[PDB]
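Chain and residue survey
The residues making up each chain are set out below.
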Amino acid sequence: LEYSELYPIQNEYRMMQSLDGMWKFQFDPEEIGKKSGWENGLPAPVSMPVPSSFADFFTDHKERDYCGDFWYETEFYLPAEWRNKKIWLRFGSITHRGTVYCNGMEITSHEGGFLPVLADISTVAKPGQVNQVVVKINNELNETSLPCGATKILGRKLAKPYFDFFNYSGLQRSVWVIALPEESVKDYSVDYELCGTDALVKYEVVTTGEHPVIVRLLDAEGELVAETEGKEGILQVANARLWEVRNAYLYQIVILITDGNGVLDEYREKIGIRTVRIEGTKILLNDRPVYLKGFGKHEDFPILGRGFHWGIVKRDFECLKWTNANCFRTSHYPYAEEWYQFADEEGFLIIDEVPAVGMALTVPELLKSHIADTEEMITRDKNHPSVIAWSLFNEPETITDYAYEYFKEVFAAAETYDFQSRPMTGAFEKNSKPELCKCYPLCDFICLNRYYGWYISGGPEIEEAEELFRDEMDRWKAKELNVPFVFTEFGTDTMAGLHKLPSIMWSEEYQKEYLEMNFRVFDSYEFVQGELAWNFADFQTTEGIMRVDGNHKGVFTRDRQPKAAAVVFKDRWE
Amino acid sequence: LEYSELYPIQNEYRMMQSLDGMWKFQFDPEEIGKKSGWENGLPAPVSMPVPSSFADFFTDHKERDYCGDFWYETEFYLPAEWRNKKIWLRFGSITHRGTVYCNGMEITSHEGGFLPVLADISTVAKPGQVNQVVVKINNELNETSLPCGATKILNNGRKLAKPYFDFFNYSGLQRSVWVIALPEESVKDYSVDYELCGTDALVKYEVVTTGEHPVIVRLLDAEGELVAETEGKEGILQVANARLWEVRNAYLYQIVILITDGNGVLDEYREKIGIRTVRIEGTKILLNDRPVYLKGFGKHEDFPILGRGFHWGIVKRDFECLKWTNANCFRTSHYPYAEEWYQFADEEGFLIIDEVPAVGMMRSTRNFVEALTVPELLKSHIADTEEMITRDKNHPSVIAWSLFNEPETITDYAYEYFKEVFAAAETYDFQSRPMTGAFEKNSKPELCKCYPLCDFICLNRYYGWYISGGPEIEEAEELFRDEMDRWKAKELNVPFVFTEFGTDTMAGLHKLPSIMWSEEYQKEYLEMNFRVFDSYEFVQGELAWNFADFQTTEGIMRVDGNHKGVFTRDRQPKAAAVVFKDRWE
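Conventions used here
- Residues numbered from 1 in each chain as written, not as in the entry; some residues may be left out.
- Chains lettered and ligands numbered in written order.
- Part of a larger assembly, values for the part shown.
- Heavy atoms only, no water.
- Residues with missing side-chain atoms left out of burial classes, pairs and counts.
- Helix = DSSP H or I, 4+ residues; strand = E, 2+ residues; numbered from the N terminus.
- Rg over C-alpha atoms; globule rule 2.2 N^0.38 Å.
- Contact = heavy atoms within 4.5 Å.
- Buried area = accessible area lost by both parts, 1.4 Å probe.
- Salt bridge = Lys/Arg side-chain N within 4 Å of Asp/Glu carboxyl O.
- Polar contact = N/O pair within 3.5 Å; in protein donor to acceptor, adjacent residues only side chain to side chain.
- Pairing = 2+ DSSP bridges.
- Axes fitted to C-alpha atoms, helices over the stretch in contact; angles between N-to-C directions.
- Domains from an automatic or database assignment.
- Buried < 20%, exposed > 50% of the residue type's maximum accessible area, 1.4 Å probe, protein only.
- UniProt positions renumbered as here; feature names shortened; annotations may be inferred.
- Core = buried A, V, L, I, M, F, W, Y, C linked by side-chain atoms within 4.5 Å.
- Expected span 1.5 Å × (residues − 1).
- Arc of directions from axis to C-beta.
- Right-handed = clockwise from strand over helix to strand, strands pointing away.
- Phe/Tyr/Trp six-rings, centres within 6.5 Å; stacked < 30°, edge-to-face > 60°.
- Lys NZ or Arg CZ within 6 Å of the ring centre and 35° of its normal.

For the rest of this paragraph, the subject is the overall build of chain B. Helices and strands together make up the secondary structure of chain B, namely nine helices and 30 strands. For a compact globule of 585 residues, the expected C-alpha radius of gyration is about 25 Å, and chain B comes in at 24 Å, within 12% of that figure. If one aligns the C-alpha atoms of chain B with their principal axes, the spans along those axes are about 70 × 70 × 45 Å.

To continue, consider the interface of chain A and chain B. Across the boundary between the two partners, chain A contributes 36 residues, which contact 38 residues of chain B. Buried surface at the junction of chain A and chain B, both sides included, amounts to about 3,400 Å², of which 57% is carbon and sulfur. Three residues stand out in chain A for area buried against chain B, namely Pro460, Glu543 and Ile545 of chain A, and they jointly supply 20% of the buried area on that side. One can count nine salt bridges joining chain A with chain B. Our enumeration of links across chain A and chain B arrives at 22 residue pairs in polar contact. Looking at the side of chain A that touches chain B, the elements with two or more residues in it are α1 (61-64), β11 (157-161) and α6 (462-478) of chain A. Here the side of chain A that touches chain B takes three residues from α6 of chain A, the largest share from any one element.

Moving on: the sheet that holds strand β16 (residues 224-229) of chain A. Residue and element names in this part refer to chain A. Read from one edge of the open sheet, four strands run β16-β15-β18-β19, paired in antiparallel fashion. The sheet terminates laterally at β16 and β19 (263-271), the two strands that pair on one side only. Adjacent strand axes in the sheet meet at a mean angle of 15 degrees when their direction is disregarded.

All names here are of chain A. For chain A, the assigned domains are domain 1 (15-180), domain 2 (185-271) and domain 3 (276-573). Residue-level contacts link 20 residues of domain 2 with 22 residues of domain 3. Counting each side, the surface lost to burial between domain 2 and domain 3 is near 1,800 Å², with a carbon and sulfur contribution of 56%. Three residues stand out in domain 2 for area buried against domain 3, namely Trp243, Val245 and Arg246, and they jointly supply 40% of the buried area on that side. Where domain 2 meets domain 3, there are eleven residue pairs in polar contact.

Structurally, the position occupied by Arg64 of chain A is in helix α1. For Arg64 of chain A, a relative accessible area of 6% gives the class buried. Counting along the chain gives 13 residues from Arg64 of chain A to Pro51 of chain A, while the straight-line C-alpha distance between them is 17 Å. Every residue in contact with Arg64 of chain A, bar those within four places of it in the chain, is listed here: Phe54, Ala55, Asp56, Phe58, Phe166 and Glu543 of chain A together with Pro471, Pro513, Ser514 and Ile515 of chain B.

Before going further, it helps to spend a moment on the UniProt feature "binding site: beta-D-glucuronate" (unreviewed entry) in chain B. Residue and element names in this part refer to chain B. Here the UniProt-annotated "binding site: beta-D-glucuronate" (unreviewed entry) positions come out as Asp166, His334, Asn405, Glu406, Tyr466, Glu500, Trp545, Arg558, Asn562 and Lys564. Here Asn405 is to be found in strand β26 (residues 398-405). Residues within four places of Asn405 in sequence aside, it is in contact with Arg331, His334, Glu355, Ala358, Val359, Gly360, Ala438, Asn460 and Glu500. Within the structure, the side chain of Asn405 is placed 3.0 Å from the side chain of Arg331, a separation counted as a polar contact. Note that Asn562 resides in the loop between β30 (539-544) and α9 (576-584). Within polar-contact distance, the side chain of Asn562 engages the side chain of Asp166 at 3.0 Å.

Moving on to the domain arrangement of chain B. All names here are of chain B. Partitioning chain B into domains gives domain 1 (15-182), domain 2 (187-278) and domain 3 (279-584). One C-alpha centre belongs to domain 2, the other to domain 3; they are set 32 Å apart. Tallying the contact residues gives 24 residues for domain 2 and 29 residues for domain 3. Surface buried jointly by domain 2 and domain 3 totals about 2,200 Å² across both partners, of which 54% is contributed by carbon and sulfur atoms. Looking at the side of domain 2 facing domain 3, the largest losses of area belong to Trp245, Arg248 and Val278, adding up to 35% of the total buried there.

Formed by 189 residues in total, the largest nonpolar core has its most connected members in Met473 of chain A together with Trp341 and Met484 of chain B. Beyond its immediate sequence surroundings of up to four residues, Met473 of chain A is in contact with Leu448, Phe485, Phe487, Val521, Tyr525, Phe527 and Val528 of chain A.

Before going further, it helps to spend a moment on the sheet that holds strand β14 (residues 200-209) of chain B. Residues and elements named next belong to chain B. Strand order in the open sheet made by the three strands is β13-β14-β17, with antiparallel pairing throughout. Of all strands in the sheet, those bounded by a partner on one side alone are β13 (187-197) and β17 (234-239). Averaged over neighbouring strand pairs, the angle between their axes works out to 20 degrees when direction is ignored. Looking at chain direction, β13 and β14 are connected through ten bridges and run antiparallel. By the bridge assignment for β14, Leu196 is matched with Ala201.

This part is about the UniProt feature "binding site: beta-D-glucuronate" (unreviewed entry) in chain A. All names here are of chain A. Per the UniProt record, "binding site: beta-D-glucuronate" (unreviewed entry) is annotated on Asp164, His332, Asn394, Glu395, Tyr455, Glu489, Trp534, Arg547, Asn551 and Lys553. The residue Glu395 is located in the loop between β26 (387-394) and α5 (401-417) in this model. With relative accessibility at 29%, the residue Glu395 sits in the partly exposed group. Not counting chain neighbours up to four residues away, the residues in contact with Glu395 comprise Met359, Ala427, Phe428, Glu429, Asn449 and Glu489. Here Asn551 is to be found in the loop between β30 (528-533) and α8 (564-573). The exposure class of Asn551 is buried, given its relative accessible area of 0%. Excluding its chain neighbours within four sequence positions, the residues that come into contact with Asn551 are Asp164, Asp493, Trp534, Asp538, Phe539 and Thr541. A polar contact of 3.0 Å, which involves the side chain of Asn551, links it to the side chain of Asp164.

A few words on helix α2 (residues 310-322) of chain A. All names here are of chain A. For α2, built from 13 residues, the straight-helix expectation of 18 Å at 1.5 Å per residue is met to within 8% by its first-to-last C-alpha distance of 18 Å. Within α2, burial applies to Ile312, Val313, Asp316, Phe317, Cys319 and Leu320. Each buried residue of α2 lies within a common arc of 160 degrees when the element is viewed along its axis, so the set occupies one face. Where α2 is buried, its residues meet β23 (292-296), β24 (327-329) and α3 (337-346). Remark: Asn324 follows α2 within two positions and exhibits a positive phi of approximately 70 degrees.

Within a regular strand, the side chains alternate between the two sheet faces. Residue and element names in this part refer to chain A. Both faces of strand β28 (residues 446-449) are covered, namely the face carrying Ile446 and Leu448 and the face carrying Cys447 and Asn449. As defined by bridge partners, strand β27 (residues 424-428) adjoins β28 across two bridges and the pair is classed as parallel. Across the sheet, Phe428 pairs through a bridge with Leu448, a residue of β28. Traced from β28 through α6 to strand β29 (residues 485-489), the parallel crossover comes out right-handed.

Turning our attention to unusual backbone geometry. All names here are of chain A. For the peptide bond that leads from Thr95 to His96, omega is 5 degrees, which places it in the cis range. Residue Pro147 is bonded to the preceding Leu146 through a cis peptide linkage, with omega at -5 degrees. Looking at the element boundaries, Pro147 is found in the loop between β9 (130-138) and β10 (149-153). Here the phi dihedral of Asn103 falls at roughly 50 degrees; this positive angle occurs in a residue that is not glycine. Within the secondary structure, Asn103 sits in the loop between β6 (97-102) and β7 (105-111). In this structure, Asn482 is a non-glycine residue whose phi angle is positive, near 55 degrees. Mapped onto the fold, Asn482 is located in the loop between α6 and β29.

A few words now on the side chain of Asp65 of chain B. The topology assignment puts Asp65 of chain B in the loop between α1 (61-64) and β4 (69-77). For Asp65 of chain B, a relative accessible area of 9% corresponds to the buried category. Only 2.9 Å separates the side chain of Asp65 of chain B from the side chain of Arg64 of chain B, close enough to count as a polar contact. Contact partners of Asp65 of chain B, with chain neighbours within four places excluded, come to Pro460 of chain A together with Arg158, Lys159 and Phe168 of chain B.

Further remarks concern the packing of aromatic side chains. Per the stated rule, a full pass over the model turns up 108 aromatic pairs over all chains. When the centroid spacing of 5.0 Å and the interplanar angle of 90 degrees are considered together, the rings of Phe25 of chain A and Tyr72 of chain A count as edge-to-face. Taken as a pair, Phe25 of chain A in strand β2 (residues 21-27) and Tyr72 of chain A in strand β4 (residues 69-77) lie far apart in primary sequence, 47 residues in all. Taken as a pair, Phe25 of chain A and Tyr72 of chain A share a single burial class, namely buried. Taking the centre distance of 5.7 Å and the plane angle of 90 degrees together, the rings of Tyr440 of chain A and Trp476 of chain A count as edge-to-face. Separated by 36 residues along the polypeptide, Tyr440 of chain A in the loop between β27 and β28 and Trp476 of chain A in helix α6 bring together distant segments of the chain. Summarising the burial analysis for this pair, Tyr440 of chain A and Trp476 of chain A share the class buried. Here the basic side chain of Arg572 of chain A rests over the ring of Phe519 of chain A, its NZ or CZ set 4.2 Å away from the ring centre. Lying over the aromatic face of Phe530 of chain B, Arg583 of chain B brings its terminal NZ or CZ to 4.1 Å of the ring centre.

Below you can see the structure in the form of structure tokens.
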């Protein structure tokens, strides 16, 4: 990559300053901003919180549903001391695609709305002065970038997703301006081997120069436990304190660039010594089988939309721990980096998912976008101990040799980017029948999204649903694939407060009964090794006749309170 | 018909005793009742309220969702003084079809779940003794009777109803049951038709009796004073300075029909009627020689726990809510209601579009959920039409017959089918009042072959809900105007009434800006629809879908039934109710 994905830190060599706050903001329905000098400042802005999705602040439909080009602007004072450092704007994300300007100059553009955007403003930055950043953003959906959809023209544009979740957009994550030394740590990778009571931390370091590198490992108390020299090497850890499920331990890696007797740069990050591998039908963490228990989530909260906030992280993890979960999938896009940092702390397992949802010649361009997002996700997230698997798709077509050749390239790219070569998978929709699917052989383990008892034979037909479920799982069993299966979606829309005896679809009681039936099926097959329910919480969707204020398959409400079924998960996962 | 549809009364010649209460009840999944002698008494019954739908009492799915044969039983004491009378069991309805037994003997069978079933028990009744009634009922759905659907058989043999319609398959004995006694020669039927002559009015009539003795017909005013009298089974009553029955301003005369043998009276039937005329003239609906614009709702017979079970309390609350909205009309979507609804409409001056249960004839939903069944369906359809019209014709409230809801109408075959239904309706209605049906959007103005059969056209349209909802609502309005412009350009010179339009609306779901399903969106949707309605001269009525939230088959598109109610199921107003109130004032 032409930039670093490394999370920004502050020390003797690296500086950072937050640009979060109220930005200037303006819609550009006529698409004349770049024609009209907007990159030098917006002509008639309103204020817009950053980080946040813009949609749910407004009281009018056309602003909430805005689709097209729209602009952000802010000003920041740059400390004079940042002079002659490499100065970067770092956006947690820009959703979905955008062009960054600084002091009237075009800096960079990015496609993909859920991963960091880095813009090198070294040559245009004005140390000791007020600087200006302007971002042109677009939130349309197409079939050549992720996530896929269409754009309808009423000249007013309307996003038409091929995915369920609401098309939130804007500057949904924190924005920093940072300063790095001229020769810096750009990237590093760690991989682990367990040796009795000891451990090896294998590493590679990429810098922007040719000076020597020293790598140190500190324990949780900051004590030096290992040290070595070189951009490539092994850190030997005696009596290693392994990072364990729901029982984290984090070391601190310290990467130094040196020039004789002085340090040029120093990067530090918390990491966790752990191994993950698929062995037969088992998922092994540190050589012991683990059964995944948890949820698909979303970045979704009232008013903020996908806007990041530590308070949402904290509540969600307390709820997760209360259910006795150990895992979540980042459905259906990489989350803010902070979610992974916290999962590292709390010992949660993550399946990290690229926004390959909603899946013509456009396909070669789509593949490029999909591979680019995969590269960025893996480079960003590989050193989190929590991240134990990559999900490279959600419910694509998989039953043609055409689909096979496409995903072969994606998986091949993912493999080259992940230093750890940790398990890769994808979530299969029901149409990927065991007799037809061509893509499951690409996977280290198989993830199934199934709604037997909701979309199939729901309600009075739920007994039929269970037989149909068992019939499919019997077909999978007969294949003797010798791989683990994880259910990554299953659930029922459930309106909090809707009670019925006997239960009906949409009642709290039916949600319980549906889950109990699914558990019976899960527990009937030895090779099922994980259950991640859909969804952790009710979340916003495109409005329509099938969505009663978003998706109500949450086990929790949108404001994070338990429906009756939450207790069912709690008791089972205990 | 081989029986009378006349509502039962109590007088010197006619007797009635209610059989309402707790009956015995037993499911018959193995279909062994008849060969096991259940007509002589159920072997292991539970208690079941009558009138009520049975489904919602139970706490287990299989009993609520039961589909197939099931049996009712009760016992009653017959007064000795009823001997030498004609003795009938009268069920307000039996849903959907059944066979009536009395004292172990098969009496009659009936197909059609929403109209009276009369069983002549004269030859087996035991006056001065306890008698037994047992009813075998079936609630399956098929394509040869109304309303249409399918029956699914689960692998273990259990049946499940699969409607082609969007209302829960409630069934059982949902209306009151009487045992009655009639004179051996009785009034079996009568018909009235009205003509206005300045300040006066003519009541033309026909009387059918079960004998040959002379008939005398009297008309009493609302104070019981005689205003007209004539003789003969056919004749004309002249009413000077007639007090007409008016919209939301009812006046009811009492017709008195006597059978005499000179020596004395053999029978005397009495019913309240209202002098009023209804006709279509160009694009106008004329009541009593003046245009009326229909304002109201499609309803249902639907209430918590009782299901479609009849209760006067539901009538009273519903009419108070209707009056509060300033409504003047409802459609009996999608089946004839209990007779009491019409009696009360007569009193309150409400206009009714009386609808036969011809629902579920849509090819699309049939396929989703034929040459040989259609001829049998037509027979059932015409039979239900005959029974509805014979039952309801003399209500002043009933101003129109709706003969279908959302059938296929774009083939020549559909035209020939409905031509026979409309022809039948015409012959059974002494008044020849306006006939119509409600059309789905698939019945495009360029394709529909059946609207020329109608005296006025009823449209069900969901522009802004099923079509271009929410962010696309502006487009919905354009599409709506586009269609109505096409109708306009046909210059049919007939009235159009919208018989369905609405949005599912969860009580308490608020959003700013609004979203589909919110209370605010229901308001905005209605306002948009009104703007379109008001753009066309030939639109002469608006009956919103629905008066109140109601039960449906469960599924992914129904959140505890249908929420397009303007009122909640327990009859309280959503925000949109005030929108109707203010507009209709």
